[PDB]
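When a ligand or atom number is given, it counts from 1 through the structure's own listing order. Sequence lines set the chain letters: A, B, ... in the order given, protein chains first and strands last, and positions in each chain run from 1.
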Amino acid sequence: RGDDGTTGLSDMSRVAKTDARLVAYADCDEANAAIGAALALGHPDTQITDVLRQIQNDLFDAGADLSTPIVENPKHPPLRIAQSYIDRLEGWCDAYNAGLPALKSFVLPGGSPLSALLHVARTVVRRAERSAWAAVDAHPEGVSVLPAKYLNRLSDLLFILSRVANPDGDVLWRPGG
Amino acid sequence: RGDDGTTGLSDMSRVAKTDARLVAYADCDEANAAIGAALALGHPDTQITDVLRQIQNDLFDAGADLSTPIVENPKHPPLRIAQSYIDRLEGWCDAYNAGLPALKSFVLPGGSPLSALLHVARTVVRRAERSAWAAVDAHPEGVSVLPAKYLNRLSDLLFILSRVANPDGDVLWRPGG
Amino acid sequence: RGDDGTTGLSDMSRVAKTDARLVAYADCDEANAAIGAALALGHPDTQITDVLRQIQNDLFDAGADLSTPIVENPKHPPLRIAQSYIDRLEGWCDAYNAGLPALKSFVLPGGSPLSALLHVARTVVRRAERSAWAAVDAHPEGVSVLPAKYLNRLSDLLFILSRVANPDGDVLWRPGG
Ligand code: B12
Ligand code: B12
Ligand code: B12
Ligand SMILES: C[C@H]1O[C@@H](n2cnc3c(N)ncnc32)[C@H](O)[C@@H]1O
Ligand SMILES: C[C@H]1O[C@@H](n2cnc3c(N)ncnc32)[C@H](O)[C@@H]1O
Ligand SMILES: C[C@H]1O[C@@H](n2cnc3c(N)ncnc32)[C@H](O)[C@@H]1O
């Protein structure tokens with residue numbers, strides 16, 4: 001309970017394959033792959049493609065952050081998620097939500113390949129957010145909360161974009177119906 | 001270890017982003033999205049579409065149940081999964097399994113887009129079932145077992161439906177082969 | 001905390017639906033389904049299809065291993081992953097990596113349906129590997145490490161194969177860019 005089953009963080013330090021930090025950046029990888037599948041199978045417009053590819057780049061920045069313990073006075077300044085990343089996601093949320101009708105209930109996920117795979121990506125990003133909070137909980141001084149805050153806003157954006165993309169419009173949940 | 005990293009259940013009460021109840025209803029969302037991708041990329045018949053869309057509606061009923069703590073004498077009667085939901089899944093299992101050949105081993109998942117994505121959905125539903133049992137284990141008096149029992153029968157149905165949809169028939173596992 | 005929420009290992013012994021061994025073989029199922037979706041939606045060459053179908057067969061061998069407790073002098077010899085399985089994955093890694101250009105950074109996942117879904121499968125296999133290590137950690141004498149070692153090499157192969165399949169070539173991460 002030995003080197004089998006261990007691996008390294010970005011500073012080379014050794015962690016279990018079940019380490020909370022690693023689980024968080026692994027789930028960012030899984031989210032990034034879900035976004036790649038939305039791009040590859042969904043056929044998005046050029047503008048949505050550019051947004052999603054920036055997000056895929058951002059997710060590696062988030063994994064770099066999560067994989068790099070916070071230390072006092074580091075050798076060289078680490079790559080970290082900054083508030084500016086979240087401000088950018090919010091700007092996109094506002095712009096893409098402007099034309100959507102008001103929604104009063106849950107929507108059944110699906111629609112076009114693109115809208116359905118943006119819902120898949122949304123749910124995987126939300127899973128990554130939970131893992132990112134668990135990493136902060138395990139290392140309150142050594143892990144940034146900004147990766148988790150980024151993933152939180154990203155799932156808002158992916159919901160909005162699934163609605164933009166959906167040719168079925170909003171198919172509403174009917175509670176108990 | 002602070003309001004960062006917390007959110008709300010349906011009664012507004014505060015929970016960690018890693019709370020077992022939340023993880024259970026989040027995995028129902030992820031399962032619902034997997035079913036949406038099967039619909040969107042798989043091109044199912046009208047009858048299978050109607051069944052799967054009812055299931056997607058049911059999954060929000062299950063998430064409403066899991067997100068709403070059980071209390072004595074509630075203000076108003078909560079939406080909960082009932083045995084009738086599971087009886088309906090079983091009726092569908094029986095009807096769709098009737099024409100299938102007897103199976104004597106595991107089948108390699110895949111086939112058409114629809115059959116392959118019904119296997120993906122099956123595995124995500126089984127993951128949600130595990131999370132739903134973990135929520136009951138964490139709150140034996142406050143969480144219903146019926147969401148987990150529903151998810152259990154749903155994975156049976158999704159297996160059956162993947163076989164119906166599969167144009168490759170049953171491609172059998174060859175142990176050690 | 002009762003038979004509700006329990007199930008059986010291959011020797012019939014009773015385990016929780018959250019048992020580490022079960023979670024490991026369940027995640028092998030989820031990985032197997034992700035590979036099936038890559039096959040079904042990605043349109044691979046005959047050679048890649050044959051490799052991936054052998055891997056799908058291997059994943060059931062790995063689940064059989066994980067589901068069967070190790071005992072002294074068993075009734076009959078159990079099916080287990082052997083080093084030969086990993087040697088085969090390594091041979092495939094070497095052959096398929098030979099023509100690829102040297103890579104100096106992370107690649108954004110996506111590309112064709114096939115390359116994008118091989119990245120999805122890669123990330124799910126890595127999740128299964130973590131679960132397989134957690135099963136060993138829970139049962140250091142009763143669970144083999146070879147399923148986890150197999151899943152480790154499999155994620156290397158799925159990375160390599162995603163690069164082979166990708167018509168976009170290598171789209172590189174630009175840190176902070
Ligand atoms: C954390 C981590 C990850 C995380 C998070 C990464 C993130 N940023 O989101 C995740 C789980 C996503 C990951 C995935 C993989 N990783 Co990784 N990862 C690391 C790790 C520990 C730190 C990376 C980091 O973020 N550095 C911080 C950034 C700022 O550093 P940087 O200035 O960009 O410089 C990095 C890159 O140049 C990178 N790099 C250099 N050569 C190559 C070659 C390849 C193929 C890749 C992918 C990267 C890579 O390494 C530098 C130092 O980290 C390193 C080991 C380490 N101790 O540094 C391995 C490492 C980069 N990973 C590696 C590999 C192989 C992979 C995977 C191919 C594993 C797999 N089979 O799935 C994938 C690739 C995913 C992709 N889409 O490209 C190798 C790459 C070397 C090699 N064998 O080619 C490394 C060096 C570990 C090792 N030696 O075995 N990884
Ligand atoms: C549990 C929960 C979930 C769970 C489980 C839900 C289920 N039933 O399966 C999951 C994880 C699936 C979920 C997902 C989301 N949720 Co939610 N969720 C909740 C929560 C806590 C309870 C919902 C519930 O089940 N109520 C029980 C049922 C019976 O109530 P009801 O009579 O149907 O009335 C509900 C609906 O009318 C709903 N509603 C009203 N306006 C709108 C608008 C939108 C867009 C949505 C989705 C719902 C919604 O809110 C009422 C009260 O809950 C509420 C907050 C709360 N305290 O009530 C948030 C809430 C409904 N969720 C919200 C949001 C934003 C989302 C997501 C878009 C988040 C995301 N980015 O992924 C997704 C949408 C998924 C979808 N496909 O539509 C918001 C919606 C308000 C808004 N900002 O538009 C709420 C109100 C929380 C908040 N204020 O920030 N959620
Ligand atoms: C571990 C386990 C799994 C694991 C790992 C399996 C692996 N090898 O990777 C996972 C989670 C993948 C799994 C999935 C399922 N399983 Co399962 N599983 C088991 C279990 C506990 C052991 C299987 C094993 O690996 N045996 C070791 C190998 C070497 O044994 P073997 O010589 O091949 O003989 C096996 C097969 O012939 C198999 N078998 C015989 N008849 C049939 C019929 C079907 C449809 C299947 C799938 C298998 C099957 O059972 C024998 C003994 O295990 C058994 C129960 C048990 N106690 O044996 C159930 C069992 C095989 N599973 C069963 C079922 C139903 C399923 C699922 C359909 C559940 C679902 N709805 O998702 C899927 C099918 C996945 C697929 N793609 O085919 C049933 C099959 C009987 C039936 N009702 O038809 C069994 C017998 C349990 C039960 N009675 O309820 N399972
Ligand atoms: C919309 C509802 O979803 C829940 N919620 C908030 N964050 C997450 C997350 N990362 N993953 C799953 N569910 C979450 C909360 O209960 C919120 O009110
Ligand atoms: C078919 C086999 O799958 C296992 N099993 C039962 N329920 C689940 C679940 N939600 N998820 C994963 N595996 C499960 C049991 O071991 C069963 O016998
Ligand atoms: C490439 C990097 O990915 C991490 N790593 C190693 N194994 C896994 C795994 N199963 N899942 C997620 N990440 C892992 C290590 O940090 C390694 O250095």
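Ordered by chain and residue number, the residues placing a heavy atom less than 4.0 Å from ligand 6 are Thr7(A), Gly8(A), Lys17(A), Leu22(A), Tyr25(A), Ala26(A), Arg126(C), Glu129(C), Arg130(C).
The closest approach between any non-hydrogen atom of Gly8(C) and ligand 3 is below 4.0 Å.
Of the protein's heavy atoms, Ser10(C) CB, 4.2 Å lies nearest to atom 26 (N) of ligand 3. At the top of the distance list for atom 57 (N) of ligand 1, counting protein heavy atoms only, stands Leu9(A) O, 3.2 Å. For atom 33 (O) of ligand 3, the closest non-hydrogen atom on the protein side is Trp173(B) CZ3, 3.3 Å. Annotation: atom 74 (C) of ligand 3 to nearest protein heavy atom, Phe159(B) CE1, 3.8 Å. Summary of contacts: the protein heavy atom closest to atom 91 (N) of ligand 3 is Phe106(B) CE2, 3.5 Å. Nearest protein heavy-atom neighbour of atom 71 (N) of ligand 3: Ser155(B) O, 3.2 Å. From the protein, the heavy atom lying nearest to atom 70 (C) of ligand 3 is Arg126(B) NH1, 3.2 Å.
Distance screen at 4.0 Å: atom 20 (C) of ligand 1 has no protein heavy-atom neighbour inside the cut-off. For atom 6 (C) of ligand 1, a protein non-hydrogen atom is found at a distance below 4.0 Å. Distance check on atom 41 (N) of ligand 3: some protein heavy atom falls below the 4.0 Å cut-off.
Short contacts between ligand 1 and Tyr25(A), defined as distances under 4.0 Å to a heavy atom of the residue, involve ligand atoms 1 (C), 4 (C), 5 (C), 11 (C). Numbered from 1 in the order shown, with element, the atoms of ligand 3 that lie under 4.0 Å from a heavy atom of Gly63(C) read 7 (C), 8 (N), 9 (O).
One option in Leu108(C), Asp170(C), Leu103(C) has a heavy atom closer to atom 43 (C) of ligand 1 than any other, and that option is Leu103(C).
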